[PDB]
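Shown next: my_file01.cif, given as mmCIF, N, CA and C atoms and all ligand atoms.
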data_model
loop_
_atom_site.label_atom_id
_atom_site.label_comp_id
_atom_site.auth_asym_id
_atom_site.auth_seq_id
_atom_site.Cartn_x
_atom_site.Cartn_y
_atom_site.Cartn_z
N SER A 1 0.81 -1.22 0.00
CA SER A 1 0.00 0.00 0.00
C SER A 1 0.85 1.27 0.00
N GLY A 2 0.24 2.41 -0.36
CA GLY A 2 0.95 3.68 -0.35
C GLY A 2 0.42 4.67 -1.37
N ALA A 3 0.61 5.97 -1.10
CA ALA A 3 0.13 7.00 -2.01
C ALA A 3 1.08 8.20 -2.02
N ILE A 4 0.98 9.04 -3.07
CA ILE A 4 1.70 10.31 -3.15
C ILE A 4 0.65 11.40 -2.92
N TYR A 5 0.94 12.36 -2.05
CA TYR A 5 -0.01 13.46 -1.77
C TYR A 5 0.63 14.74 -2.22
N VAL A 6 0.21 15.32 -3.35
CA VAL A 6 0.80 16.54 -3.89
C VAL A 6 -0.32 17.54 -4.17
N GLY A 7 -0.25 18.72 -3.56
CA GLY A 7 -1.29 19.73 -3.73
C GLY A 7 -2.64 19.18 -3.29
N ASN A 8 -3.67 19.27 -4.14
CA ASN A 8 -4.96 18.68 -3.81
C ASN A 8 -5.19 17.37 -4.53
N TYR A 9 -4.13 16.59 -4.73
CA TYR A 9 -4.22 15.30 -5.42
C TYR A 9 -3.63 14.17 -4.57
N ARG A 10 -4.19 12.94 -4.73
CA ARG A 10 -3.69 11.70 -4.13
C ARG A 10 -3.43 10.75 -5.31
N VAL A 11 -2.18 10.27 -5.44
CA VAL A 11 -1.82 9.35 -6.52
C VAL A 11 -1.68 7.97 -5.91
N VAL A 12 -2.41 6.97 -6.45
CA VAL A 12 -2.32 5.60 -5.95
C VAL A 12 -2.19 4.61 -7.11
N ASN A 13 -1.84 3.34 -6.79
CA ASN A 13 -1.94 2.29 -7.82
C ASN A 13 -3.43 2.13 -8.17
N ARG A 14 -3.76 2.13 -9.47
CA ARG A 14 -5.18 2.01 -9.88
C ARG A 14 -5.81 0.73 -9.30
N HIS A 15 -5.03 -0.37 -9.24
CA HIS A 15 -5.61 -1.63 -8.74
C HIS A 15 -5.88 -1.65 -7.24
N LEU A 16 -5.35 -0.65 -6.50
CA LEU A 16 -5.55 -0.51 -5.06
C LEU A 16 -6.48 0.68 -4.70
N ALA A 17 -7.00 1.41 -5.71
CA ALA A 17 -7.86 2.57 -5.43
C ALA A 17 -9.11 2.15 -4.64
N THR A 18 -9.51 2.97 -3.68
CA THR A 18 -10.68 2.68 -2.84
C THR A 18 -11.97 3.22 -3.47
N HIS A 19 -13.15 2.95 -2.83
CA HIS A 19 -14.41 3.52 -3.29
C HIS A 19 -14.32 5.07 -3.27
N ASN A 20 -13.67 5.63 -2.22
CA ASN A 20 -13.52 7.08 -2.11
C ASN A 20 -12.64 7.67 -3.21
N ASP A 21 -11.57 6.97 -3.62
CA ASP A 21 -10.73 7.44 -4.73
C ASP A 21 -11.57 7.53 -6.01
N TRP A 22 -12.40 6.50 -6.29
CA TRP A 22 -13.22 6.50 -7.50
C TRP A 22 -14.33 7.55 -7.43
N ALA A 23 -14.83 7.84 -6.23
CA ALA A 23 -15.86 8.89 -6.06
C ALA A 23 -15.30 10.32 -6.23
N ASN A 24 -13.98 10.48 -6.05
CA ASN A 24 -13.33 11.77 -6.20
C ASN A 24 -12.30 11.68 -7.35
N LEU A 25 -12.62 10.91 -8.40
CA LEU A 25 -11.71 10.67 -9.53
C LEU A 25 -11.33 11.93 -10.32
N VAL A 26 -10.03 12.09 -10.59
CA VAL A 26 -9.52 13.17 -11.44
C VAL A 26 -9.06 12.56 -12.79
N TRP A 27 -8.29 11.47 -12.71
CA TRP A 27 -7.75 10.82 -13.90
C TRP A 27 -7.33 9.39 -13.55
N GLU A 28 -7.49 8.47 -14.48
CA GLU A 28 -6.98 7.11 -14.28
C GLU A 28 -6.50 6.55 -15.60
N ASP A 29 -5.53 5.62 -15.54
CA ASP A 29 -5.03 5.00 -16.76
C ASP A 29 -4.68 3.55 -16.45
N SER A 30 -5.52 2.61 -16.91
CA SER A 30 -5.29 1.19 -16.66
C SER A 30 -3.95 0.74 -17.25
N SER A 31 -3.54 1.31 -18.41
CA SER A 31 -2.26 0.90 -19.02
C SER A 31 -1.05 1.34 -18.21
N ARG A 32 -1.22 2.29 -17.27
CA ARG A 32 -0.11 2.74 -16.41
C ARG A 32 -0.25 2.25 -14.95
N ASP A 33 -1.39 1.58 -14.61
CA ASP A 33 -1.73 1.19 -13.23
C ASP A 33 -1.75 2.44 -12.32
N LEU A 34 -2.24 3.60 -12.82
CA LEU A 34 -2.31 4.80 -11.98
C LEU A 34 -3.73 5.32 -11.87
N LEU A 35 -4.03 5.94 -10.71
CA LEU A 35 -5.28 6.64 -10.50
C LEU A 35 -4.96 7.84 -9.62
N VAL A 36 -5.53 9.01 -9.97
CA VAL A 36 -5.38 10.24 -9.19
C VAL A 36 -6.76 10.68 -8.73
N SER A 37 -6.90 10.94 -7.42
CA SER A 37 -8.17 11.42 -6.87
C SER A 37 -7.94 12.80 -6.20
N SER A 38 -9.03 13.56 -5.97
CA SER A 38 -8.90 14.88 -5.34
C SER A 38 -8.96 14.81 -3.81
N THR A 39 -8.28 15.73 -3.11
CA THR A 39 -8.29 15.75 -1.65
C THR A 39 -8.74 17.13 -1.15
N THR A 40 -9.19 17.21 0.09
CA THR A 40 -9.54 18.50 0.69
C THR A 40 -8.32 19.13 1.38
N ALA A 41 -7.40 18.30 1.90
CA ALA A 41 -6.21 18.80 2.58
C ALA A 41 -5.02 18.94 1.60
N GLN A 42 -4.10 19.86 1.90
CA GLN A 42 -2.91 20.09 1.07
C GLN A 42 -1.90 18.99 1.33
N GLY A 43 -1.36 18.37 0.28
CA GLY A 43 -0.43 17.25 0.39
C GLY A 43 0.96 17.58 0.88
N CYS A 44 1.69 16.55 1.37
CA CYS A 44 3.02 16.62 1.95
C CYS A 44 4.19 16.47 0.95
N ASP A 45 3.92 15.92 -0.24
CA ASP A 45 4.97 15.57 -1.22
C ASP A 45 5.23 16.59 -2.35
N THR A 46 6.40 16.47 -3.04
CA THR A 46 6.81 17.23 -4.23
C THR A 46 7.31 16.22 -5.32
N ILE A 47 7.04 16.50 -6.61
CA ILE A 47 7.35 15.59 -7.72
C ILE A 47 8.64 15.98 -8.41
N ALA A 48 9.51 14.99 -8.68
CA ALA A 48 10.75 15.23 -9.40
C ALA A 48 10.44 15.57 -10.86
N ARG A 49 11.21 16.50 -11.45
CA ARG A 49 11.04 16.84 -12.88
C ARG A 49 12.47 16.72 -13.42
N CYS A 50 12.85 15.49 -13.79
CA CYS A 50 14.24 15.18 -14.10
C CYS A 50 14.34 13.90 -14.94
N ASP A 51 15.60 13.53 -15.29
CA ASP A 51 15.85 12.28 -15.98
C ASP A 51 16.72 11.35 -15.15
N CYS A 52 16.65 11.42 -13.79
CA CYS A 52 17.45 10.51 -12.94
C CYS A 52 17.10 9.07 -13.27
N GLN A 53 18.10 8.20 -13.21
CA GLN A 53 17.93 6.77 -13.34
C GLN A 53 18.47 6.02 -12.11
N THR A 54 18.73 6.75 -11.00
CA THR A 54 19.09 6.18 -9.71
C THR A 54 18.23 6.88 -8.64
N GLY A 55 17.93 6.16 -7.59
CA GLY A 55 17.10 6.70 -6.51
C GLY A 55 17.00 5.67 -5.39
N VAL A 56 16.04 5.89 -4.50
CA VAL A 56 15.85 5.03 -3.33
C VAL A 56 14.36 4.73 -3.22
N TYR A 57 13.99 3.46 -2.97
CA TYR A 57 12.56 3.14 -2.79
C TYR A 57 12.27 2.53 -1.43
N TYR A 58 11.01 2.67 -0.96
CA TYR A 58 10.63 2.06 0.29
C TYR A 58 9.99 0.68 0.01
N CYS A 59 10.50 -0.36 0.70
CA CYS A 59 10.05 -1.74 0.56
C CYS A 59 9.31 -2.15 1.88
N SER A 60 7.96 -2.14 1.86
CA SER A 60 7.20 -2.46 3.07
C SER A 60 7.43 -3.87 3.60
N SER A 61 7.69 -4.85 2.69
CA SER A 61 7.92 -6.24 3.11
C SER A 61 9.29 -6.47 3.79
N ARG A 62 10.13 -5.42 3.85
CA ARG A 62 11.38 -5.48 4.57
C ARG A 62 11.49 -4.32 5.61
N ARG A 63 10.49 -3.41 5.66
CA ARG A 63 10.53 -2.20 6.49
C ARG A 63 11.85 -1.42 6.25
N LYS A 64 12.27 -1.34 4.97
CA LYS A 64 13.57 -0.74 4.65
C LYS A 64 13.53 0.00 3.33
N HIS A 65 14.46 0.95 3.18
CA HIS A 65 14.67 1.64 1.91
C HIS A 65 15.89 1.03 1.24
N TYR A 66 15.83 0.89 -0.09
CA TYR A 66 16.93 0.32 -0.87
C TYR A 66 17.32 1.26 -2.01
N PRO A 67 18.62 1.42 -2.28
CA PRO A 67 19.02 2.21 -3.45
C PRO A 67 18.87 1.37 -4.73
N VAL A 68 18.50 2.00 -5.86
CA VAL A 68 18.29 1.28 -7.13
C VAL A 68 18.80 2.02 -8.32
N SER A 69 19.21 1.26 -9.36
CA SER A 69 19.44 1.81 -10.70
C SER A 69 18.21 1.31 -11.50
N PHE A 70 17.51 2.18 -12.21
CA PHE A 70 16.27 1.78 -12.91
C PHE A 70 16.24 2.21 -14.36
N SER A 71 15.53 1.43 -15.19
CA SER A 71 15.44 1.74 -16.60
C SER A 71 14.53 2.95 -16.89
N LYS A 72 14.68 3.56 -18.08
CA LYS A 72 13.83 4.69 -18.45
C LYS A 72 12.38 4.22 -18.63
N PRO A 73 11.38 5.10 -18.44
CA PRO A 73 9.97 4.67 -18.58
C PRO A 73 9.71 4.05 -19.95
N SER A 74 9.10 2.84 -19.96
CA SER A 74 8.87 2.16 -21.24
C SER A 74 7.68 1.21 -21.17
N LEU A 75 7.34 0.58 -22.34
CA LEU A 75 6.21 -0.35 -22.47
C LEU A 75 6.77 -1.73 -22.18
N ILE A 76 6.29 -2.37 -21.11
CA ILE A 76 6.80 -3.66 -20.66
C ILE A 76 5.67 -4.66 -20.49
N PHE A 77 5.85 -5.89 -20.99
CA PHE A 77 4.84 -6.92 -20.85
C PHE A 77 4.70 -7.34 -19.38
N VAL A 78 3.44 -7.38 -18.87
CA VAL A 78 3.15 -7.79 -17.50
C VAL A 78 2.14 -8.94 -17.59
N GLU A 79 2.48 -10.07 -16.98
CA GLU A 79 1.64 -11.28 -17.00
C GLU A 79 0.28 -11.01 -16.32
N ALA A 80 -0.75 -11.81 -16.64
CA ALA A 80 -2.07 -11.67 -16.05
C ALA A 80 -2.00 -11.86 -14.54
N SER A 81 -2.83 -11.09 -13.82
CA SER A 81 -2.98 -11.19 -12.38
C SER A 81 -4.49 -11.17 -12.10
N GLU A 82 -4.88 -11.21 -10.82
CA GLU A 82 -6.29 -11.07 -10.47
C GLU A 82 -6.84 -9.67 -10.84
N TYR A 83 -5.94 -8.68 -11.02
CA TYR A 83 -6.32 -7.31 -11.28
C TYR A 83 -6.37 -6.92 -12.74
N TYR A 84 -5.56 -7.56 -13.58
CA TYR A 84 -5.50 -7.18 -14.99
C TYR A 84 -5.28 -8.39 -15.86
N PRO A 85 -5.76 -8.33 -17.12
CA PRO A 85 -5.38 -9.39 -18.08
C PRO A 85 -3.91 -9.20 -18.45
N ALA A 86 -3.31 -10.19 -19.13
CA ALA A 86 -1.95 -10.07 -19.65
C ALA A 86 -1.93 -8.85 -20.63
N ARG A 87 -0.97 -7.92 -20.46
CA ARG A 87 -0.97 -6.69 -21.26
C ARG A 87 0.40 -5.99 -21.24
N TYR A 88 0.56 -4.91 -22.02
CA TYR A 88 1.77 -4.08 -21.91
C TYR A 88 1.43 -2.93 -21.00
N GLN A 89 2.23 -2.74 -19.95
CA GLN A 89 2.05 -1.61 -19.05
C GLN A 89 3.02 -0.53 -19.53
N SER A 90 2.52 0.67 -19.73
CA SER A 90 3.34 1.78 -20.21
C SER A 90 3.93 2.60 -19.05
N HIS A 91 4.99 3.40 -19.36
CA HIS A 91 5.62 4.32 -18.40
C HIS A 91 6.16 3.56 -17.18
N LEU A 92 6.63 2.31 -17.41
CA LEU A 92 7.12 1.47 -16.32
C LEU A 92 8.66 1.44 -16.32
N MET A 93 9.25 1.48 -15.13
CA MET A 93 10.73 1.45 -14.99
C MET A 93 11.10 0.24 -14.15
N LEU A 94 12.07 -0.58 -14.59
CA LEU A 94 12.45 -1.76 -13.80
C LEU A 94 13.79 -1.56 -13.12
N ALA A 95 13.97 -2.26 -12.00
CA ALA A 95 15.24 -2.25 -11.29
C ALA A 95 15.40 -3.60 -10.60
N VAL A 96 16.64 -3.96 -10.22
CA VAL A 96 16.88 -5.16 -9.44
C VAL A 96 16.65 -4.78 -7.98
N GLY A 97 15.74 -5.48 -7.35
CA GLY A 97 15.40 -5.24 -5.96
C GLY A 97 14.27 -6.16 -5.52
N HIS A 98 14.14 -6.30 -4.22
CA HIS A 98 13.07 -7.13 -3.66
C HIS A 98 11.71 -6.44 -3.66
N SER A 99 10.68 -7.22 -3.96
CA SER A 99 9.31 -6.77 -3.86
C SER A 99 8.36 -7.97 -3.82
N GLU A 100 7.25 -7.77 -3.15
CA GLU A 100 6.12 -8.68 -2.96
C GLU A 100 4.82 -7.89 -3.28
N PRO A 101 3.68 -8.56 -3.58
CA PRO A 101 2.46 -7.80 -4.01
C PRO A 101 2.04 -6.59 -3.14
N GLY A 102 2.06 -6.78 -1.84
CA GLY A 102 1.74 -5.75 -0.87
C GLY A 102 2.71 -4.57 -0.84
N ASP A 103 3.84 -4.67 -1.58
CA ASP A 103 4.79 -3.56 -1.67
C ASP A 103 4.35 -2.45 -2.62
N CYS A 104 3.31 -2.69 -3.43
CA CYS A 104 2.80 -1.67 -4.37
C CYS A 104 2.41 -0.42 -3.61
N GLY A 105 2.79 0.72 -4.12
CA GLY A 105 2.51 1.98 -3.45
C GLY A 105 3.72 2.58 -2.74
N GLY A 106 4.77 1.78 -2.55
CA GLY A 106 6.01 2.31 -1.97
C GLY A 106 6.60 3.38 -2.89
N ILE A 107 7.07 4.50 -2.32
CA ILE A 107 7.60 5.58 -3.14
C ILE A 107 9.06 5.37 -3.55
N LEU A 108 9.35 5.74 -4.80
CA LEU A 108 10.72 5.81 -5.34
C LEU A 108 11.05 7.33 -5.42
N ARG A 109 12.17 7.77 -4.79
CA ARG A 109 12.56 9.17 -4.76
C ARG A 109 13.99 9.31 -5.25
N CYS A 110 14.28 10.42 -5.90
CA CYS A 110 15.68 10.80 -6.21
C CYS A 110 15.96 12.10 -5.43
N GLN A 111 17.12 12.73 -5.66
CA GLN A 111 17.42 14.01 -4.99
C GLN A 111 16.44 15.15 -5.34
N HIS A 112 15.64 15.01 -6.41
CA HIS A 112 14.73 16.10 -6.85
C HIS A 112 13.30 15.96 -6.36
N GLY A 113 12.95 14.77 -5.85
CA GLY A 113 11.61 14.54 -5.35
C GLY A 113 11.12 13.15 -5.70
N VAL A 114 9.79 12.99 -5.67
CA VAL A 114 9.15 11.72 -5.97
C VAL A 114 9.22 11.42 -7.47
N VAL A 115 9.67 10.21 -7.79
CA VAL A 115 9.80 9.74 -9.17
C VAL A 115 8.61 8.88 -9.59
N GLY A 116 8.18 8.00 -8.69
CA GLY A 116 7.08 7.09 -8.99
C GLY A 116 6.74 6.17 -7.84
N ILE A 117 5.89 5.17 -8.10
CA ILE A 117 5.45 4.24 -7.04
C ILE A 117 5.63 2.80 -7.49
N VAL A 118 5.94 1.88 -6.54
CA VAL A 118 6.06 0.44 -6.86
C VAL A 118 4.72 -0.04 -7.49
N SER A 119 4.80 -0.77 -8.61
CA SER A 119 3.59 -1.22 -9.31
C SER A 119 3.67 -2.70 -9.67
N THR A 120 4.89 -3.26 -9.89
CA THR A 120 5.05 -4.67 -10.31
C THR A 120 6.31 -5.25 -9.65
N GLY A 121 6.48 -6.57 -9.71
CA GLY A 121 7.72 -7.17 -9.25
C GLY A 121 7.73 -8.67 -9.36
N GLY A 122 8.81 -9.24 -8.88
CA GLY A 122 8.96 -10.68 -8.79
C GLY A 122 10.33 -11.10 -9.23
N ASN A 123 10.82 -12.23 -8.68
CA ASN A 123 12.11 -12.81 -9.03
C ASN A 123 13.27 -11.83 -8.95
N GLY A 124 13.25 -10.97 -7.94
CA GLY A 124 14.34 -10.04 -7.71
C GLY A 124 14.30 -8.79 -8.58
N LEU A 125 13.17 -8.55 -9.26
CA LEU A 125 12.94 -7.32 -10.01
C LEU A 125 11.85 -6.52 -9.28
N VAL A 126 11.89 -5.20 -9.44
CA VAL A 126 10.85 -4.33 -8.92
C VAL A 126 10.55 -3.28 -10.01
N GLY A 127 9.25 -3.07 -10.31
CA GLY A 127 8.84 -2.14 -11.35
C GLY A 127 8.09 -0.97 -10.74
N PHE A 128 8.40 0.24 -11.22
CA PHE A 128 7.83 1.49 -10.68
C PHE A 128 7.07 2.21 -11.80
N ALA A 129 5.86 2.67 -11.48
CA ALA A 129 5.05 3.47 -12.38
C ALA A 129 5.59 4.92 -12.27
N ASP A 130 6.10 5.47 -13.37
CA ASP A 130 6.65 6.83 -13.38
C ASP A 130 5.53 7.85 -13.27
N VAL A 131 5.80 8.98 -12.53
CA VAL A 131 4.82 10.08 -12.48
C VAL A 131 5.45 11.41 -12.94
N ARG A 132 6.75 11.42 -13.34
CA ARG A 132 7.45 12.68 -13.65
C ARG A 132 6.92 13.41 -14.84
N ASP A 133 6.24 12.70 -15.77
CA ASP A 133 5.68 13.39 -16.93
C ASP A 133 4.31 14.05 -16.65
N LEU A 134 3.69 13.77 -15.50
CA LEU A 134 2.36 14.31 -15.17
C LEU A 134 2.51 15.73 -14.62
N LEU A 135 2.75 16.68 -15.53
CA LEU A 135 3.07 18.06 -15.10
C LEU A 135 1.95 18.75 -14.38
N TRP A 136 0.69 18.37 -14.72
CA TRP A 136 -0.49 18.97 -14.11
C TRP A 136 -0.61 18.67 -12.61
N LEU A 137 0.15 17.69 -12.07
CA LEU A 137 0.08 17.41 -10.63
C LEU A 137 0.51 18.63 -9.79
N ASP A 138 1.39 19.50 -10.35
CA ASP A 138 1.95 20.70 -9.71
C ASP A 138 1.17 21.95 -9.98
N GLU A 139 0.47 22.00 -11.14
CA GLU A 139 -0.20 23.18 -11.65
C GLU A 139 -1.72 23.12 -11.48
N1 LIG B 1 0.87 -3.46 -12.30
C1 LIG B 1 0.37 -4.69 -12.33
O1 LIG B 1 -0.13 -5.18 -13.35
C2 LIG B 1 0.46 -5.48 -11.04
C3 LIG B 1 -0.92 -5.65 -10.37
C4 LIG B 1 -0.81 -6.48 -9.08
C5 LIG B 1 -0.14 -7.81 -9.35
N2 LIG B 1 1.14 -7.61 -10.04
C6 LIG B 1 2.36 -7.89 -9.52
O2 LIG B 1 3.39 -7.64 -10.12
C7 LIG B 1 2.38 -8.49 -8.13
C8 LIG B 1 3.69 -8.24 -7.44
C9 LIG B 1 4.59 -9.25 -7.17
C10 LIG B 1 5.80 -8.87 -6.63
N3 LIG B 1 6.11 -7.59 -6.35
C11 LIG B 1 5.14 -6.74 -6.63
CL1 LIG B 1 5.46 -5.09 -6.21
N4 LIG B 1 3.95 -6.95 -7.15
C12 LIG B 1 1.05 -6.87 -11.31
ZN ZN B 2 16.00 13.39 -10.11
#
Spit out the file's structure as structure tokens when you get a sec.
Ligand SMILES: NC(=O)[C@H]1CCCN(C(=O)Cc2ccnc(Cl)n2)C1
Ligand SMILES: [Zn+2]
Amino acid sequence: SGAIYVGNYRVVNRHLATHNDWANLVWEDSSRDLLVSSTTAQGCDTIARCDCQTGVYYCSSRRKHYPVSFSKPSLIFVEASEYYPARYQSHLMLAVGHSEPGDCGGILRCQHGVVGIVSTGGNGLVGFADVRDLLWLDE
């Protein structure tokens, strides 16, 4: 679990969005596993606007942060799960690191701010849904 709170927006994994997220929907994209909902309170986070390919992510299944080198956002095949059919997930970045299903929502940060959230993983890989191109989150 986990979310990014920026301005009057809450960014979550689309497959983990609650009834309240869908009732306050701003934007969602099944191909990116992202959903953004509106909030009444001002958020605590800031979004990176950069091309970093190194950063640190929070891994809830280890209660620890790990440093990672990650690939640029791209279209990557993701096998079928209870949440989605087999498909290509866009704007996804992979890195070598530990993750389990409940780790989705953990934040990946670089020196400039939030880069994205854990969205996929397995066999010593961890995939992050990028949010750096969503310029409207700040404006
Ligand atoms: N974005 C998706 O299609 C995911 C939806 C939930 C299921 N899924 C996974 O990858 C599950 C999983 C295993 C190990 N580590 C992590 Cl962070 N997630 C795929
Ligand atoms: Zn950066």
Per-residue nearest contacts chain A to ligand ZN 2 (chain B), cut-off 5 Å, using only N, CA and C atoms and all ligand atoms, as a tab-separated table:
residue	atom	partner	partner_atom	distance
A:50	CA	B:ZN2	ZN	4.7
A:52	N	B:ZN2	ZN	4.2
A:110	CA	B:ZN2	ZN	4.7
A:111	N	B:ZN2	ZN	4.6
A:112	N	B:ZN2	ZN	4.1
Open item on the list: Can you work out which residues are within 6.5 Å of ligand LIG 1 (chain B), considering only N, CA and C atoms and all ligand atoms, and then hand them over as a list in words?
Closed with: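 What falls inside 6.5 Å of ligand LIG 1 (chain B) is residues 15, 32, 33, 78, 81, 82, 83, 84, 98, 99, 100, 101, 102, 103, 104, 118, 119, 120, 121, 122, 123, 126 and 127 of chain A.
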Could you state the separation of CA of residue 71 (chain A) and CA of residue 94 (chain A) in Å, given to one decimal place?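 The value is 5.4 Å.
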Which neighbours of residue 21 (chain A) fall inside 9 Å, counting only C-alpha atoms, when residues of the same chain fewer than 5 positions from it are skipped, and could you give them as a PyMOL selection string?
-> chain A and resi 10+12+26+35-38
Between A:85, A:67, A:73, A:55, which one has atoms that come closest to residue 130 (chain A), using only N, CA and C atoms?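 Among the listed residues, A:73 lies closest to residue 130 (chain A).
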Considering all atoms listed in the file, state which residue in the set A:92, A:56, A:25, A:129 is at the smallest distance from residue 76 (chain A).
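Of A:92, A:56, A:25, A:129, the one nearest residue 76 (chain A), counting all atoms listed in the file, is A:92.
With all atoms listed in the file as the atoms that count, the residue of A:49, A:108, A:14, A:8 with the shortest distance to residue 29 (chain A) is A:14.
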For this session: Find, counting only N, CA and C atoms, the residue in A:34, A:59, A:72, A:48 that gets nearest to residue 107 (chain A).
Result: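 For residue 107 (chain A), the nearest of the candidates is A:59.
Nearest to residue 88 (chain A) of all the residues A:31, A:22, A:17, A:70 is A:31, based on only C-alpha atoms.
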**Message:** Quick check for you: according to DSSP on this backbone, which residues of chain A are classed as strand (DSSP E or B)? Reply as an MDAnalysis selection string.
**Reply:** chainID A and resid 4:6 9:13 25:29 34:38 47 54:59 64:70 74:78 87:96 107:110 113:122 125:130
Exercise for review: Record the distance separating CA of residue 28 (chain A) and CA of residue 113 (chain A), expressed in Å with one decimal.
Suggested key: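 That distance, rounded to one decimal, is 21.9 Å.
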Measuring between only N, CA and C atoms, which one of A:60, A:24, A:53, A:46 shows the shortest distance to residue 105 (chain A)?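 Nearest candidate to residue 105 (chain A) out of A:60, A:24, A:53, A:46: A:60.
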Produce the centre coordinates and the three edge lengths, each in Å to one decimal, of the box along x, y and z that contains all listed atoms of region 86-92 of chain A with 5 Å added on each side, as JSON.
{"center_x": 2.7, "center_y": -2.9, "center_z": -19.2, "size_x": 22.0, "size_y": 24.5, "size_z": 15.7}
TODO: Identify all residues of chain A in helix (DSSP H, G or I) (DSSP on the backbone) and supply them as a PyMOL selection string.
DONE: chain A and resi 14-16+19-23+30-32+101-103+135-137
Legend entry - Residues within 9 Å of residue 45 (chain A), only C-alpha atoms, excluding chain neighbours under 2 positions, as a PyMOL selection string: chain A and resi 4-7+43+47+113-114
For the residues selected in the previous step, produce a file with N, CA and C atoms as a PDB file, in the coordinates of the input.
ATOM      1  N   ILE A   4       0.980   9.040  -3.070  1.00  0.00           N
ATOM      2  CA  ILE A   4       1.700  10.310  -3.150  1.00  0.00           C
ATOM      3  C   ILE A   4       0.650  11.400  -2.920  1.00  0.00           C
ATOM      4  N   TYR A   5       0.940  12.360  -2.050  1.00  0.00           N
ATOM      5  CA  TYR A   5      -0.010  13.460  -1.770  1.00  0.00           C
ATOM      6  C   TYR A   5       0.630  14.740  -2.220  1.00  0.00           C
ATOM      7  N   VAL A   6       0.210  15.320  -3.350  1.00  0.00           N
ATOM      8  CA  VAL A   6       0.800  16.540  -3.890  1.00  0.00           C
ATOM      9  C   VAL A   6      -0.320  17.540  -4.170  1.00  0.00           C
ATOM     10  N   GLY A   7      -0.250  18.720  -3.560  1.00  0.00           N
ATOM     11  CA  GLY A   7      -1.290  19.730  -3.730  1.00  0.00           C
ATOM     12  C   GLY A   7      -2.640  19.180  -3.290  1.00  0.00           C
ATOM     13  N   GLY A  43      -1.360  18.370   0.280  1.00  0.00           N
ATOM     14  CA  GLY A  43      -0.430  17.250   0.390  1.00  0.00           C
ATOM     15  C   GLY A  43       0.960  17.580   0.880  1.00  0.00           C
ATOM     16  N   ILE A  47       7.040  16.500  -6.610  1.00  0.00           N
ATOM     17  CA  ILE A  47       7.350  15.590  -7.720  1.00  0.00           C
ATOM     18  C   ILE A  47       8.640  15.980  -8.410  1.00  0.00           C
ATOM     19  N   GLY A 113      12.950  14.770  -5.850  1.00  0.00           N
ATOM     20  CA  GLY A 113      11.610  14.540  -5.350  1.00  0.00           C
ATOM     21  C   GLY A 113      11.120  13.150  -5.700  1.00  0.00           C
ATOM     22  N   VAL A 114       9.790  12.990  -5.670  1.00  0.00           N
ATOM     23  CA  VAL A 114       9.150  11.720  -5.970  1.00  0.00           C
ATOM     24  C   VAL A 114       9.220  11.420  -7.470  1.00  0.00           C
TER      25      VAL A 114
END
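Taking CA of residue 20 (chain A) as the reference point, CA of residue 80 (chain A) is found at 26.0 Å.
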Grab region 16-28 of chain A from that structure and dump N, CA and C atoms to a file, as a PDB file, in the first residue's frame.
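Produced file selection.pdb, reproduced below:
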ATOM      1  N   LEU A  16      -5.350  -0.650  -6.497  1.00  0.00           N
ATOM      2  CA  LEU A  16      -5.554  -0.511  -5.056  1.00  0.00           C
ATOM      3  C   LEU A  16      -6.475   0.682  -4.702  1.00  0.00           C
ATOM      4  N   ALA A  17      -6.999   1.408  -5.706  1.00  0.00           N
ATOM      5  CA  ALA A  17      -7.863   2.571  -5.432  1.00  0.00           C
ATOM      6  C   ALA A  17      -9.109   2.149  -4.636  1.00  0.00           C
ATOM      7  N   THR A  18      -9.511   2.975  -3.683  1.00  0.00           N
ATOM      8  CA  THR A  18     -10.678   2.683  -2.841  1.00  0.00           C
ATOM      9  C   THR A  18     -11.973   3.216  -3.468  1.00  0.00           C
ATOM     10  N   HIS A  19     -13.148   2.948  -2.827  1.00  0.00           N
ATOM     11  CA  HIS A  19     -14.407   3.524  -3.293  1.00  0.00           C
ATOM     12  C   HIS A  19     -14.316   5.068  -3.269  1.00  0.00           C
ATOM     13  N   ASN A  20     -13.668   5.630  -2.216  1.00  0.00           N
ATOM     14  CA  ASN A  20     -13.519   7.080  -2.110  1.00  0.00           C
ATOM     15  C   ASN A  20     -12.637   7.674  -3.213  1.00  0.00           C
ATOM     16  N   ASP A  21     -11.567   6.968  -3.616  1.00  0.00           N
ATOM     17  CA  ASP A  21     -10.733   7.437  -4.731  1.00  0.00           C
ATOM     18  C   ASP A  21     -11.575   7.533  -6.014  1.00  0.00           C
ATOM     19  N   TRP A  22     -12.397   6.498  -6.293  1.00  0.00           N
ATOM     20  CA  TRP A  22     -13.222   6.501  -7.500  1.00  0.00           C
ATOM     21  C   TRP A  22     -14.334   7.546  -7.430  1.00  0.00           C
ATOM     22  N   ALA A  23     -14.834   7.844  -6.230  1.00  0.00           N
ATOM     23  CA  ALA A  23     -15.864   8.894  -6.063  1.00  0.00           C
ATOM     24  C   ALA A  23     -15.300  10.322  -6.226  1.00  0.00           C
ATOM     25  N   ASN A  24     -13.985  10.477  -6.045  1.00  0.00           N
ATOM     26  CA  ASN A  24     -13.326  11.768  -6.201  1.00  0.00           C
ATOM     27  C   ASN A  24     -12.297  11.682  -7.354  1.00  0.00           C
ATOM     28  N   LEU A  25     -12.616  10.915  -8.401  1.00  0.00           N
ATOM     29  CA  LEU A  25     -11.713  10.668  -9.531  1.00  0.00           C
ATOM     30  C   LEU A  25     -11.330  11.930 -10.317  1.00  0.00           C
ATOM     31  N   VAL A  26     -10.026  12.094 -10.591  1.00  0.00           N
ATOM     32  CA  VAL A  26      -9.525  13.174 -11.440  1.00  0.00           C
ATOM     33  C   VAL A  26      -9.064  12.563 -12.791  1.00  0.00           C
ATOM     34  N   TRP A  27      -8.291  11.467 -12.712  1.00  0.00           N
ATOM     35  CA  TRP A  27      -7.749  10.821 -13.897  1.00  0.00           C
ATOM     36  C   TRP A  27      -7.334   9.395 -13.548  1.00  0.00           C
ATOM     37  N   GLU A  28      -7.486   8.469 -14.484  1.00  0.00           N
ATOM     38  CA  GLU A  28      -6.980   7.110 -14.278  1.00  0.00           C
ATOM     39  C   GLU A  28      -6.497   6.546 -15.603  1.00  0.00           C
TER      40      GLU A  28
END
